[PDB]
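Everything below concerns the one structure shown next.
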12 protein chains.
Amino acid sequence: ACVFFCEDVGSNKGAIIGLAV
Amino acid sequence: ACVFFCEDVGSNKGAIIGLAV
Amino acid sequence: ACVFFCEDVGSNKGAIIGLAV
Amino acid sequence: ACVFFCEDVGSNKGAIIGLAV
Amino acid sequence: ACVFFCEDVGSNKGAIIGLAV
Amino acid sequence: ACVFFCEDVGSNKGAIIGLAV
Amino acid sequence: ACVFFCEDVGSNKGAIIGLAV
Amino acid sequence: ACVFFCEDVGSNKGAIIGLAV
Amino acid sequence: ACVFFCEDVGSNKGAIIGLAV
Amino acid sequence: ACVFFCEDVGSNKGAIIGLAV
Amino acid sequence: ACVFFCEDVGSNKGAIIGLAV
Amino acid sequence: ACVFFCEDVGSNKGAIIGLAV
């Protein structure tokens with residue numbers, strides 16, 4: 001899998017986290 | 001806006017994320 | 001302290017975050 | 001949205017920047 | 001000086017670049 | 001192209017690498 | 001090729017960018 | 001798990017890769 | 001706190017370092 | 001020595017790793 | 001060995017650098 | 001100019017810093 005660096009929609013500040021896809 | 005790499009306050013968690021400002 | 005990159009235990013969508021250790 | 005680290009197309013410049021998607 | 005990672009307003013794609021301040 | 005961070009399929013020790021996509 | 005981080009000659013606001021060398 | 005950035009001893013160039021631990 | 005990248009005042013060889021702000 | 005972030009030549013793999021020089 | 005991104009102790013300086021371990 | 005990420009020889013720990021060249 002790969003890590004996407006995306007805003008967390010489950011965060012009221014749209015913090016950019018790593019998403020493991 | 002800017003993206004800064006910061007520890008998210010308010011917790012013990014120690015998470016460092018991209019904050020959009 | 002150092003910046004670690006770890007899976008966020010508890011997160012429900014396989015998140016990877018910086019961590020201040 | 002996500003931020004990817006990509007070479008900006010269309011040029012010779014070779015610039016790599018954060019693209020917001 | 002420091003490098004801020006910010007959207008370029010002189011870019012029609014808001015590409016995130018390093019700004020030297 | 002963009003820099004992706006993905007697991008290295010085939011690698012025997014769970015390696016994560018940049019990938020030029 | 002390698003990712004270099006260099007000042008963008010020509011840019012009018014002291015920009016620093018990745019560069020594919 | 002976390003990603004350690006370490007030389008690969010299974011590489012004759014000691015390339016630094018992400019190790020998933 | 002956030003990771004800034006700044007010139008190291010005092011350093012005699014134009015060093016750029018992370019800075020915990 | 002320096003660490004550069006480069007695509008490892010010789011292959012199709014597209015791996016980008018830290019090279020020590 | 002590994003490279004970690006850590007604040008260098010012993011000072012007020014707040015410098016974050018790559019430590020080789 | 002560009003930033004090289006190199007061990008500081010004026011450091012007894014060979015810490016990797018950004019060198020402005």
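Residue names in the structure tokens use chain letters A, B, ... in the order shown, residue numbers from 1 in each chain, and ligand numbers from 1 in the order shown.
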- request: Considering only C-alpha atoms, extract the chain I residues located within 10 Å of chain E and return them as an MDAnalysis selection string.
  value: chainID I and resid 4:9 16:19
Store the residues picked out above, limited to N, CA, C and O atoms, as a short mmCIF file (atom, residue, chain, number, x, y, z; two decimals), in the first residue's frame.
data_model
loop_
_atom_site.label_atom_id
_atom_site.label_comp_id
_atom_site.auth_asym_id
_atom_site.auth_seq_id
_atom_site.Cartn_x
_atom_site.Cartn_y
_atom_site.Cartn_z
N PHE I 4 10.02 24.63 11.79
CA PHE I 4 10.38 25.68 10.85
C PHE I 4 11.71 25.30 10.22
O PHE I 4 12.49 24.61 10.86
N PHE I 5 11.99 25.75 9.00
CA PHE I 5 13.33 25.61 8.45
C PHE I 5 13.98 27.01 8.27
O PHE I 5 13.55 27.81 7.42
N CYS I 6 14.98 27.30 9.09
CA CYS I 6 15.60 28.62 9.06
C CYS I 6 17.12 28.58 8.97
O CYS I 6 17.76 27.60 9.37
N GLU I 7 17.68 29.67 8.46
CA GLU I 7 19.13 29.86 8.48
C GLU I 7 19.60 29.93 9.92
O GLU I 7 18.94 30.52 10.78
N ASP I 8 20.74 29.30 10.19
CA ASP I 8 21.32 29.26 11.53
C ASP I 8 22.19 30.49 11.70
O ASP I 8 23.33 30.54 11.23
N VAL I 9 21.65 31.51 12.37
CA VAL I 9 22.45 32.69 12.68
C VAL I 9 23.61 32.27 13.58
O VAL I 9 23.44 31.50 14.53
N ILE I 16 21.34 25.64 7.24
CA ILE I 16 19.89 25.66 7.36
C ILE I 16 19.49 24.48 8.22
O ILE I 16 19.97 23.36 8.01
N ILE I 17 18.64 24.73 9.20
CA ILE I 17 18.30 23.72 10.19
C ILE I 17 16.80 23.76 10.43
O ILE I 17 16.14 24.78 10.20
N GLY I 18 16.27 22.63 10.87
CA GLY I 18 14.97 22.65 11.49
C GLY I 18 15.01 23.45 12.77
O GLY I 18 16.05 23.58 13.41
N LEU I 19 13.86 23.98 13.14
CA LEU I 19 13.74 24.74 14.38
C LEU I 19 12.39 24.50 15.05
O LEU I 19 11.36 24.67 14.42
#
task: Write out as a ChimeraX atom specification all residues of chain I that backbone DSSP assigns to strand (DSSP E).
output: /I:2-7,15-20
Could the residues in this selection be written to a file with C-alpha atoms, as a JSON list (two decimals), in the first residue's frame?
[["chain", "number", "residue", "atom", "x", "y", "z"],
["I", 2, "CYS", "CA", 5.91, 23.55, 14.58],
["I", 3, "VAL", "CA", 8.98, 22.58, 12.56],
["I", 4, "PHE", "CA", 10.38, 25.68, 10.85],
["I", 5, "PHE", "CA", 13.33, 25.61, 8.45],
["I", 6, "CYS", "CA", 15.60, 28.62, 9.06],
["I", 7, "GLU", "CA", 19.13, 29.86, 8.48],
["I", 15, "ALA", "CA", 23.62, 26.31, 7.63],
["I", 16, "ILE", "CA", 19.89, 25.66, 7.36],
["I", 17, "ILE", "CA", 18.30, 23.72, 10.19],
["I", 18, "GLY", "CA", 14.97, 22.65, 11.49],
["I", 19, "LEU", "CA", 13.74, 24.74, 14.38],
["I", 20, "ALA", "CA", 11.25, 23.96, 16.94]]
